[PDB]
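Structure file work-v5.cif with mmCIF, C-alpha atoms:
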data_run
#
loop_
_atom_site.group_PDB
_atom_site.id
_atom_site.type_symbol
_atom_site.label_atom_id
_atom_site.label_comp_id
_atom_site.auth_asym_id
_atom_site.auth_seq_id
_atom_site.Cartn_x
_atom_site.Cartn_y
_atom_site.Cartn_z
ATOM 1 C CA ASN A 59 -18.312 42.136 70.646
ATOM 2 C CA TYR A 60 -16.745 39.717 68.191
ATOM 3 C CA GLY A 61 -18.709 36.844 66.743
ATOM 4 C CA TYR A 62 -18.949 33.248 67.842
ATOM 5 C CA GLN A 63 -15.508 31.663 68.174
ATOM 6 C CA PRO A 64 -15.042 27.873 68.410
ATOM 7 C CA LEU A 65 -13.056 26.303 71.223
ATOM 8 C CA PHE A 66 -11.308 23.164 69.952
ATOM 9 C CA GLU A 67 -11.024 24.004 66.255
ATOM 10 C CA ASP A 68 -7.682 25.223 64.962
ATOM 11 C CA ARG A 69 -7.186 28.935 64.352
ATOM 12 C CA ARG A 70 -7.851 29.089 60.685
ATOM 13 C CA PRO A 71 -8.591 32.308 58.804
ATOM 14 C CA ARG A 72 -12.310 32.583 58.139
ATOM 15 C CA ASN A 73 -13.168 36.167 57.132
ATOM 16 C CA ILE A 74 -11.695 39.094 55.248
ATOM 17 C CA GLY A 75 -8.748 40.520 57.155
ATOM 18 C CA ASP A 76 -7.461 37.390 58.882
ATOM 19 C CA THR A 77 -3.764 36.573 58.713
ATOM 20 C CA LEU A 78 -2.090 33.368 57.575
ATOM 21 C CA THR A 79 1.545 32.286 57.343
ATOM 22 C CA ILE A 80 2.971 31.025 54.040
ATOM 23 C CA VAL A 81 6.170 28.979 54.043
ATOM 24 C CA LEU A 82 7.797 29.654 50.682
ATOM 25 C CA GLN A 83 9.587 26.484 49.577
ATOM 26 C CA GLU A 84 9.837 26.296 45.789
ATOM 27 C CA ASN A 85 12.180 23.960 43.935
ATOM 28 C CA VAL A 86 11.694 23.326 40.208
ATOM 29 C CA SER A 87 14.207 21.759 37.836
ATOM 30 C CA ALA A 88 13.702 20.690 34.217
ATOM 31 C CA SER A 89 16.114 19.533 31.533
ATOM 32 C CA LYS A 90 16.320 17.942 28.098
ATOM 33 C CA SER A 91 18.906 16.917 25.521
ATOM 34 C CA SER A 92 19.247 15.051 22.237
ATOM 35 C CA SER A 93 21.754 14.149 19.537
ATOM 36 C CA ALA A 94 22.174 12.360 16.205
ATOM 37 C CA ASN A 95 24.999 11.275 13.935
ATOM 38 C CA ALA A 96 25.818 9.408 10.744
ATOM 39 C CA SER A 97 28.897 8.222 8.892
ATOM 40 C CA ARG A 98 29.979 6.427 5.740
ATOM 41 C CA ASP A 99 33.295 5.332 4.244
ATOM 42 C CA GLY A 100 34.290 3.594 1.045
ATOM 43 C CA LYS A 101 37.525 2.594 -0.630
ATOM 44 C CA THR A 102 37.908 0.462 -3.750
ATOM 45 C CA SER A 103 40.973 -0.526 -5.740
ATOM 46 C CA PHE A 104 42.249 -2.875 -8.428
ATOM 47 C CA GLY A 105 45.628 -3.252 -10.090
ATOM 48 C CA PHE A 106 47.034 -5.628 -12.701
ATOM 49 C CA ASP A 107 50.747 -5.570 -11.926
ATOM 50 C CA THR A 108 52.128 -8.080 -14.450
ATOM 51 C CA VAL A 109 49.822 -8.831 -17.372
ATOM 52 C CA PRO A 110 50.404 -12.046 -19.339
ATOM 53 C CA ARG A 111 50.870 -11.693 -23.073
ATOM 54 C CA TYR A 112 47.548 -13.203 -24.157
ATOM 55 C CA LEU A 113 45.737 -10.659 -21.954
ATOM 56 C CA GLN A 114 47.734 -7.590 -23.013
ATOM 57 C CA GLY A 115 44.883 -6.588 -25.307
ATOM 58 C CA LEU A 116 42.559 -6.030 -22.354
ATOM 59 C CA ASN B 59 -8.202 53.204 88.918
ATOM 60 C CA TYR B 60 -7.322 50.970 85.990
ATOM 61 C CA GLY B 61 -9.867 48.644 84.464
ATOM 62 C CA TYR B 62 -10.547 44.997 85.123
ATOM 63 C CA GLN B 63 -7.383 42.911 84.790
ATOM 64 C CA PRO B 64 -7.499 39.100 84.480
ATOM 65 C CA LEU B 65 -5.482 36.875 86.782
ATOM 66 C CA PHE B 66 -4.406 33.738 84.904
ATOM 67 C CA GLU B 67 -4.410 35.057 81.338
ATOM 68 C CA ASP B 68 -1.085 35.967 79.776
ATOM 69 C CA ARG B 69 -0.081 39.620 79.579
ATOM 70 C CA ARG B 70 -1.123 40.397 76.083
ATOM 71 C CA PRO B 71 -1.551 43.927 74.739
ATOM 72 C CA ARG B 72 -5.232 44.816 74.617
ATOM 73 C CA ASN B 73 -5.620 48.594 74.193
ATOM 74 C CA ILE B 74 -3.926 51.526 72.515
ATOM 75 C CA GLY B 75 -0.595 52.230 74.177
ATOM 76 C CA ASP B 76 0.367 48.733 75.308
ATOM 77 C CA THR B 77 3.847 47.436 74.545
ATOM 78 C CA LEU B 78 4.855 44.227 72.799
ATOM 79 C CA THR B 79 8.224 42.687 71.950
ATOM 80 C CA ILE B 80 9.050 41.730 68.354
ATOM 81 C CA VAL B 81 11.867 39.276 67.670
ATOM 82 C CA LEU B 82 13.190 40.195 64.237
ATOM 83 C CA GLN B 83 14.322 36.999 62.511
ATOM 84 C CA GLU B 84 14.110 37.328 58.730
ATOM 85 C CA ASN B 85 15.829 34.978 56.300
ATOM 86 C CA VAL B 86 14.834 34.967 52.621
ATOM 87 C CA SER B 87 16.784 33.422 49.756
ATOM 88 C CA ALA B 88 15.712 32.972 46.132
ATOM 89 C CA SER B 89 17.593 31.887 43.026
ATOM 90 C CA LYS B 90 17.157 30.798 39.421
ATOM 91 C CA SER B 91 19.242 29.805 36.413
ATOM 92 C CA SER B 92 18.911 28.405 32.904
ATOM 93 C CA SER B 93 20.924 27.559 29.801
ATOM 94 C CA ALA B 94 20.678 26.232 26.244
ATOM 95 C CA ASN B 95 23.022 25.100 23.499
ATOM 96 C CA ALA B 96 23.171 23.619 20.016
ATOM 97 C CA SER B 97 25.795 22.292 17.637
ATOM 98 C CA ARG B 98 26.219 20.839 14.167
ATOM 99 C CA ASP B 99 29.130 19.514 12.116
ATOM 100 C CA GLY B 100 29.471 18.137 8.620
ATOM 101 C CA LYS B 101 32.298 16.945 6.416
ATOM 102 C CA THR B 102 31.985 15.255 3.028
ATOM 103 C CA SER B 103 34.612 14.144 0.538
ATOM 104 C CA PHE B 104 35.189 12.054 -2.571
ATOM 105 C CA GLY B 105 38.258 11.447 -4.702
ATOM 106 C CA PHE B 106 38.966 9.302 -7.757
ATOM 107 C CA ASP B 107 42.706 8.723 -7.482
ATOM 108 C CA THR B 108 43.379 6.437 -10.465
ATOM 109 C CA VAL B 109 40.670 6.450 -13.125
ATOM 110 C CA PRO B 110 40.512 3.504 -15.542
ATOM 111 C CA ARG B 111 40.604 4.326 -19.230
ATOM 112 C CA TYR B 112 36.984 3.473 -20.043
ATOM 113 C CA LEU B 113 35.857 5.900 -17.316
ATOM 114 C CA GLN B 114 38.182 8.778 -18.234
ATOM 115 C CA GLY B 115 35.284 10.493 -19.983
ATOM 116 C CA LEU B 116 33.426 10.939 -16.700
#

What do you get writing this file as structure tokens?
Amino acid sequence: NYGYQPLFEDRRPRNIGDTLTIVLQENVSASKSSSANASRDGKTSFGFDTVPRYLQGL
Amino acid sequence: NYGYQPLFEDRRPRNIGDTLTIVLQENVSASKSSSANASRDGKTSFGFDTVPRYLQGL
């Protein structure tokens, strides 16, 4: 003799020892990224090609 | 004489010694992957090509 069993309810596991099907469908995906940058240029110049006489002292 | 046998119920195994057909259909597939990376560059420079006279001491 087994216990009371419902009629219209689905067959769910209810006690220790009942079986149940697992459908393994796992799909995980993670990601990350980053960056950084910096820059600097400089260029100076000056040239007195032909100096007049009254400025030759400087 | 064999025991009571139902009429409309399907032929399921009920006692020790009854036979039952298993349809082996197994298909499992798992996978995983990962990665990582890092990078760094640097480049500095400085050059005094033509130094004026009043700065020659530095």

Counting all atoms listed in the file, which residues of chain A come no farther than 10 Å from chain B, as a short mmCIF file (atom, residue, chain, number, x, y, z; two decimals) with C-alpha atoms, in the frame of the given file?
data_model
loop_
_atom_site.label_atom_id
_atom_site.label_comp_id
_atom_site.auth_asym_id
_atom_site.auth_seq_id
_atom_site.Cartn_x
_atom_site.Cartn_y
_atom_site.Cartn_z
CA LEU A 82 7.80 29.65 50.68
CA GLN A 83 9.59 26.48 49.58
CA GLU A 84 9.84 26.30 45.79
CA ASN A 85 12.18 23.96 43.94
CA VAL A 86 11.69 23.33 40.21
CA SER A 87 14.21 21.76 37.84
CA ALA A 88 13.70 20.69 34.22
CA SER A 89 16.11 19.53 31.53
CA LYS A 90 16.32 17.94 28.10
CA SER A 91 18.91 16.92 25.52
CA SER A 92 19.25 15.05 22.24
CA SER A 93 21.75 14.15 19.54
CA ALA A 94 22.17 12.36 16.20
CA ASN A 95 25.00 11.28 13.94
CA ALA A 96 25.82 9.41 10.74
CA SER A 97 28.90 8.22 8.89
CA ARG A 98 29.98 6.43 5.74
CA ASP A 99 33.30 5.33 4.24
CA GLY A 100 34.29 3.59 1.04
CA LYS A 101 37.52 2.59 -0.63
CA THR A 102 37.91 0.46 -3.75
CA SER A 103 40.97 -0.53 -5.74
CA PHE A 104 42.25 -2.88 -8.43
CA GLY A 105 45.63 -3.25 -10.09
#

>> Could you tell me how far atom CA of residue B:65 sits from atom CA of residue B:77, in Å to one decimal place?
In response: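 So the answer is 18.7 Å.
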
> What is the distance between atom CA of residue B:72 and atom CA of residue A:62, in Å to one decimal?
Replying inline: 19.2 Å

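Note that atom CA of residue A:66 and atom CA of residue A:81 are 24.3 Å apart.
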
So for stretch 107-110 of chain A, what box centre and size do we get, axis-aligned, 6 Å extra on each of the six sides, every listed atom, Å to one decimal, as AutoDock Vina command-line options?
--center_x 51.0 --center_y -8.8 --center_z -15.6 --size_x 14.3 --size_y 18.5 --size_z 19.4

Please complete stretch 97-112 of chain A so it has N, CA and C atoms, and hand it over as a JSON list (two decimals), keeping the file's coordinate frame.
[["chain", "number", "residue", "atom", "x", "y", "z"],
["A", 97, "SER", "N", 27.55, 8.36, 9.43],
["A", 97, "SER", "CA", 28.90, 8.22, 8.89],
["A", 97, "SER", "C", 28.87, 7.22, 7.75],
["A", 98, "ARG", "N", 29.85, 7.36, 6.85],
["A", 98, "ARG", "CA", 29.98, 6.43, 5.74],
["A", 98, "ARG", "C", 31.37, 6.54, 5.15],
["A", 99, "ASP", "N", 31.99, 5.40, 4.88],
["A", 99, "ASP", "CA", 33.30, 5.33, 4.24],
["A", 99, "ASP", "C", 33.24, 4.35, 3.09],
["A", 100, "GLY", "N", 34.17, 4.51, 2.16],
["A", 100, "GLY", "CA", 34.29, 3.59, 1.04],
["A", 100, "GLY", "C", 35.65, 3.72, 0.41],
["A", 101, "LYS", "N", 36.19, 2.60, -0.05],
["A", 101, "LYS", "CA", 37.52, 2.59, -0.63],
["A", 101, "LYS", "C", 37.67, 1.36, -1.51],
["A", 102, "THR", "N", 37.77, 1.56, -2.81],
["A", 102, "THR", "CA", 37.91, 0.46, -3.75],
["A", 102, "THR", "C", 39.19, 0.61, -4.55],
["A", 103, "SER", "N", 39.69, -0.51, -5.05],
["A", 103, "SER", "CA", 40.97, -0.53, -5.74],
["A", 103, "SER", "C", 41.09, -1.80, -6.56],
["A", 104, "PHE", "N", 41.94, -1.72, -7.59],
["A", 104, "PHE", "CA", 42.25, -2.88, -8.43],
["A", 104, "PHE", "C", 43.47, -2.58, -9.29],
["A", 105, "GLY", "N", 44.43, -3.49, -9.31],
["A", 105, "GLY", "CA", 45.63, -3.25, -10.09],
["A", 105, "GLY", "C", 46.24, -4.50, -10.68],
["A", 106, "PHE", "N", 46.39, -4.52, -12.00],
["A", 106, "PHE", "CA", 47.03, -5.63, -12.70],
["A", 106, "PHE", "C", 48.51, -5.30, -12.82],
["A", 107, "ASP", "N", 49.33, -5.90, -11.96],
["A", 107, "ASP", "CA", 50.75, -5.57, -11.93],
["A", 107, "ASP", "C", 51.47, -6.11, -13.15],
["A", 108, "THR", "N", 51.46, -7.43, -13.33],
["A", 108, "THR", "CA", 52.13, -8.08, -14.45],
["A", 108, "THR", "C", 51.07, -8.77, -15.29],
["A", 109, "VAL", "N", 50.84, -8.27, -16.49],
["A", 109, "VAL", "CA", 49.82, -8.83, -17.37],
["A", 109, "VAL", "C", 50.47, -9.88, -18.26],
["A", 110, "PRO", "N", 49.90, -11.08, -18.36],
["A", 110, "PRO", "CA", 50.40, -12.05, -19.34],
["A", 110, "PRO", "C", 50.20, -11.54, -20.75],
["A", 111, "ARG", "N", 50.89, -12.17, -21.70],
["A", 111, "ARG", "CA", 50.87, -11.69, -23.07],
["A", 111, "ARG", "C", 49.48, -11.81, -23.68],
["A", 112, "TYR", "N", 48.84, -12.97, -23.53],
["A", 112, "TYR", "CA", 47.55, -13.20, -24.16],
["A", 112, "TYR", "C", 46.44, -12.34, -23.58]]
